[PDB]
Q: 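Before anything else, here's the structure in question.
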Amino acid sequence: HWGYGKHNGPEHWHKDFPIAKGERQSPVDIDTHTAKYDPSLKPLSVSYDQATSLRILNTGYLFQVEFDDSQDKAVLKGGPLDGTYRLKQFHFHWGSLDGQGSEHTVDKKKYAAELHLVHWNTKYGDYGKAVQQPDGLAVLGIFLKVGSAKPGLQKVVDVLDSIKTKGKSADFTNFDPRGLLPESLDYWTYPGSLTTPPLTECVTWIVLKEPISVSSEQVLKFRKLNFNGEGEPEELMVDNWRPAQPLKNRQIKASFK
Ligand SMILES: NS(=O)(=O)c1c(F)c(F)c(S(=O)(=O)CCO)c(NCc2ccccc2)c1F
Ligand SMILES: [Zn+2]
């Protein structure tokens, strides 16, 4: 199956998923000197006050926290978006070393990790339909740099030992994703794709300019997760990022400066 290694990593995905070589693939390098300030973009509206987390899961590629999206409890709107996108899950990508791990880059800079908050367009009724549409998902991406701890991340870090291996889940209720956001909602946006197979070009990306700070100890705990299942040889879950893909004809817009 696909993964992150020499024999099944990003460079191989195109054989199963030919859209890997498509015209709107993600992630990309954000060239902050060619991005265009768009005074017509709106402010983001990030409304997570009623978010209901359910569970945390090691998928064998990353870990994710899932939400109850069967009512409008937590939604993203405004900015570049038409309509209302409902929060379904968040997850992270991270590196083996503090100098890599993000999927997007900024003027070629790599961050230690990247948080993705995945939302689906409510015009399509559910996530599975949405993922099949050109404007089905909106993913809010937030960079992580190593420095001071992020207190709102610690509940996530402390449950990771209970989901060490592929396919393990744990209850994860009452988690507030507002504690993962930076102060500023300034962002870049562009049209792209899922960053893992099936690589569908269904995503409006909204990448915040301001990183969050997490401690060295917080990210080290991410790196103690395993790609393998229990009872299989241990393979540390690190470097689960796709490198930047060609921008092609796209424009990245900035909400600021
Ligand atoms: N990076 S990304 O935001 O484009 C992304 C992932 F990297 C990713 F691994 C996933 S995945 O874990 O589902 C793997 C298949 O693409 C999703 N989709 C996230 C998702 C998972 C469960 C429920 C709803 C959304 C996905 F959206
Ligand atoms: Zn992701």
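We count ligands from 1, going down the list as the structure has it; atoms in each ligand are counted the same way. Only this structure's heavy atoms are used, side chains among them; waters, hydrogens and symmetry mates stay out. Note that the numbering runs from 1 along the sequence shown for the chain.
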Q: Does the distance from a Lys or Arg side-chain N to an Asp or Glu carboxylate O, for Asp72 and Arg86, drop under 4.0 Å?
A: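 A salt bridge is present here (some side-chain N lies under 4.0 Å from a carboxylate O).
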Q: Flag the pair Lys209 and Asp186 as a salt bridge only when some basic side-chain nitrogen lies within less than 4.0 angstrom of an acidic carboxylate oxygen.
A: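 Not counted as a salt bridge, because no side-chain N and carboxylate O are separated by less than 4.0 Å.
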Q: If we only count N/O pairs under 3.5 Å, is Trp2 in contact with ligand 1?
A: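 Looking only at distances, the answer is no, because the N/O contact criterion of under 3.5 Å is not met.
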Q: Heavy-atom distance from atom 13 (O) of ligand 1 to the protein below 4.0 Å?
A: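 Flag for atom 13 (O) of ligand 1 set to false, no protein heavy atom closer than 4.0 Å.
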Q: Does the ring centre of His14 sit less than 6.0 Å away from the ring centre of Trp2?
A: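 No, ring centres 6.0 Å or more apart.
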Q: With nothing but distance in play, are any N or O atoms of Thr195 less than 3.5 Å from an N or O of ligand 1?
A: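 Yes.
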Q: Give every protein N, O or S atom lying under 2.8 Å from the Zn ion (ligand 2), naming each by residue and atom.
A: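 Result, waters dropped: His91 NE2, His93 NE2, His116 ND1.
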Q: Just need the protein heavy atom nearest to atom 8 (C) of ligand 1, so name the residue and atom and give the distance.
A: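 Protein heavy atom at minimum distance: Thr196 OG1, 3.4 Å.
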Q: Closest non-hydrogen protein atom to atom 27 (F) of ligand 1, residue and atom name please, with distance?
A: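 Ranked first by proximity to atom 27 (F) of ligand 1 is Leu194 CD2, 3.4 Å.
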Q: Answer whether the closest heavy-atom distance between the side chains of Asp16 and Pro197 falls below 4.5 Å.
A: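 No - every pair of side-chain heavy atoms lies 4.5 Å or more apart.
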Q: What distance separates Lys123 NZ from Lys129 NZ, expressed to the nearest 0.5 Å?
A: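 Answer for the NZ-NZ pair, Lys123 versus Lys129, is 15.5 Å.
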Q: If you measure every N/O of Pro197 against every N/O of ligand 1, is any gap under 3.5 Å?
A: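 Among all N and O atoms of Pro197, at least one is under 3.5 Å from an N or O of ligand 1.
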Q: What atoms in ligand 1 come closer than 4.0 Å to a heavy atom of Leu62?
A: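 Per the distance check, 9 (F).
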Q: Give the C-alpha distance, both sets of side-chain angles, the deciding distance and a yes or no for salt bridge (charged side-chain N to carboxylate O under 4.0 Å, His left out) between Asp68 and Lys73.
A: CA-CA 8 Å; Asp68 176 15; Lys73 275 170 171 201; 2.9 Å; yes
Q: For the pair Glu114 and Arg242, find out whether any cationic side-chain nitrogen is under 4.0 Å from an anionic carboxylate oxygen.
A: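 No salt bridge links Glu114 with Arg242.
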Q: Counting the benzene-type ring for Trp, do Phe63 and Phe92 have ring centres under 6.0 Å apart?
A: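 Aromatic pair counts; centres sit under 6.0 Å.
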Q: Strictly under 6.0 Å, is that where the ring centroids of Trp241 and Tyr4 end up?
A: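 Judged by ring-centre distance (under 6.0 Å), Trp241 and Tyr4 do not meet the cut-off.
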Q: Less than 4.0 Å between a side-chain N and a carboxylate O, is that true for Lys248 and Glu23?
A: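 Result for this pair is yes, salt bridge flagged.
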Q: Test of understanding: given a 4.0 Å heavy-atom threshold, classify the contact between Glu66 and ligand 1 as side chain, backbone, both, or neither.
A: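 Neither part.
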Q: Quick one: which ligand 1 atoms are inside 4.0 Å of a heavy atom on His93?
A: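 Contacts of ligand 1 toward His93, numbered from 1: 1 (N), 7 (F).
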Q: Does ligand 1 have a heavy atom under 4.0 Å from the side chain of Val203, from its backbone, from both, or from neither?
A: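 Neither part.
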Q: Are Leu54 and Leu160 connected, step by step, through hydrophobic side chains (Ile, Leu, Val, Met, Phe, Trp, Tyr) whose heavy atoms are closer than 4.5 Å?
A: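 Looking at the clustering, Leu160 is in a separate group from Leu54.
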Q: Under 4.0 Å between a side-chain nitrogen and a carboxylate oxygen: does that hold for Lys109 and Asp29?
A: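 Not counted as a salt bridge, because no side-chain N and carboxylate O are separated by less than 4.0 Å.
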Q: Kindly say whether the aromatic ring centers of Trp188 and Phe256 come within a distance under 6.0 Å.
A: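 Yes, the ring of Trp188 comes within the 6.0 Å limit of the ring of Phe256, centre to centre.
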Q: Identify the closest protein heavy atom to atom 21 (C) of ligand 1: which residue and atom is it, and at what distance?
A: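 Going atom by atom, the protein heavy atom closest to atom 21 (C) of ligand 1 ends up being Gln89 NE2, 3.2 Å.
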Q: Can you report which non-hydrogen protein atom sits closest to atom 3 (O) of ligand 1, along with the distance?
A: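 That would be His91 CE1, 3.2 Å.
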Q: In terms of atom number and element, which parts of ligand 1 are under 4.0 angstrom from non-hydrogen atoms of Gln64?
A: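 Answer, ordered by atom number: 12 (O), 21 (C), 22 (C).
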Q: Please state which protein non-hydrogen atom is closest to atom 18 (N) of ligand 1 and give its distance, to 0.1 Å?
A: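 Sorting protein heavy atoms by distance from atom 18 (N) of ligand 1 puts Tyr127 OH, 3.3 Å first.
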Q: Does the N or O separation between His116 and ligand 1 drop below 3.5 Å for any pair?
A: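 There is such a contact, yes.
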Q: Please could you name the atoms of ligand 1 that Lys88 approaches to less than 4.0 Å, counting only its heavy atoms?
A: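 Per the distance check, 23 (C), 24 (C).
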Q: Measuring centre to centre across the rings, with the benzene-like ring taken for any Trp, is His104 within less than 6.0 Å of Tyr190?
A: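 Under 6.0 Å, so yes.
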